[PDB]
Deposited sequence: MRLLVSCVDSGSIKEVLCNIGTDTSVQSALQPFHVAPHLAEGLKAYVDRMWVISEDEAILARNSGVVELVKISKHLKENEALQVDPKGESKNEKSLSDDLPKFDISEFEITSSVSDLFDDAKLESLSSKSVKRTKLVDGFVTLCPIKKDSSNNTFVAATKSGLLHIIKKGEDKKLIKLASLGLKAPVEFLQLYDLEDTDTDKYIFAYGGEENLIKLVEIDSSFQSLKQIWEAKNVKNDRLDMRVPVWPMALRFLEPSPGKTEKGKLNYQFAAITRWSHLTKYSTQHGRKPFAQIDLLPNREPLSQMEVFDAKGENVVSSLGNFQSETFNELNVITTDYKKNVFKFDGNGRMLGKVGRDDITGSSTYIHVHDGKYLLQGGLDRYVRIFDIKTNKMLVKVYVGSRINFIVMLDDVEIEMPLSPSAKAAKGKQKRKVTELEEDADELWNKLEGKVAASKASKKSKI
């Protein structure tokens, strides 16, 4: 299989080529065929996010406040296989507002489009297009309420997106197709005080949409369903037909153990999500998510908050900075302990473990082809 790993320590991207069963910590196991650095820009400009447009092209968003267009080419290496080369063809810069530490939380297509969104923690929503001259051009920079932990586009209809942050209630926003204007259409409410009559803090960290609620729907209310993971160990479930308060807020771990990330998954490894990771279902009872704490654990929960078991419990020793469910059956994992890992979703089995010599914050799987 072919992976790209964002190595923050060198501000670079490494291509990793290895077969299933690879484990660089066990010398008797399979070892990688190829690891090489690319586009090293230093700790001052490490990659925040990537999005692969095709096998020939990708787009990067760097912690220097720069979005780059990348051309990917293949070369025969001189056990036969090709290796990649990367050339930056266009870029857009000064996309941060540290004065309002900034970073890119979202980098994904808006919809034939050539148009992408790039959202910052400082509450900037940049719209960037690959024009006919094949150059990147910024179409707009819309302002949101800071701070922003996440921005999730809605791509499941049966443009709309949700965003939120520290003491920044979840908001649904409608943006015009000109990208020059947006309108807030919904804001969540906090839940009641707890058993000790104390205010429940608000800190949504990640959100995934579900399909609209079924049955007959009331006029005057939207019909959007979504679930969110909070920084206070909550699983919050929303249905706008019910109201602005969540219809359920569930404590996932004791003592409000902080959490980040939310990856939808099916227990048998089926691909049940949209291109942006939204759950293609209308029932919360089928929802399962993967999340991480700031210690070393990777947790799996069902829609009711039951812990379904940990991933790499005995192998992961550092905080899992990045997780991603790829095409239903793969879990990409990388974090502070500097090993890039691939797990099987259904069997929970670790398929790949490769030391990359740097902290990891993003991984993409270009293909899963075995090399022979």
For this chain, which runs of the deposited sequence have no C-alpha coordinates, given in order from the N-terminus? 79-100, 123-136, 148-150, 198-202, 417-463
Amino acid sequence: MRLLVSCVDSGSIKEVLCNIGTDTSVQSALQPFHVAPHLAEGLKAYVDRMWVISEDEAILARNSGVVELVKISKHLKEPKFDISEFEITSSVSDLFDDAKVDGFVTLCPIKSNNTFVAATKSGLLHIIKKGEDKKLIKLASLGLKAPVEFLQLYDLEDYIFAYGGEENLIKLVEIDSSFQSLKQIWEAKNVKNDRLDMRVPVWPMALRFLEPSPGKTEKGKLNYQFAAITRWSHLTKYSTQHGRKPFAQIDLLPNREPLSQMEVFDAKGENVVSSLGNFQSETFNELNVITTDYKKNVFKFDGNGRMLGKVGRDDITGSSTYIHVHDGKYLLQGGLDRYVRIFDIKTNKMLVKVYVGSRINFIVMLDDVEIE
From here on, numbers count along this sequence of modelled residues.
Ranked by mean Cα B-factor in the entry, 352-360 and 20-28, top stretch is 20-28
Which has higher Cα B-factors on average according to the PDB entry: 163-171 or 211-219? 211-219
Of 189, 121, 126, 199, which one's C-alpha B factor is largest in the deposited record? 199
With respect to the C-alpha temperature factors reported in the PDB entry, which of 231, 245, 74, 237 ranks highest? 74
Relative to the other modelled residues of the same chain, rank the CA B-factor of residue 1 and answer lowest, middle or highest third. highest
Sort the modelled residues of this chain by their C-alpha B factor and say whether residue 309 lands in the lowest, middle or highest third. highest
What third of the chain does residue 142 rank in for C-alpha temperature factor, lowest, middle or highest? middle
Ranked C-alpha temperature factor of residue 267 among modelled chain residues, by third: highest
Split into thirds by Cα B-factor across the chain's modelled residues, where does residue 7 land: lowest, middle or highest? lowest
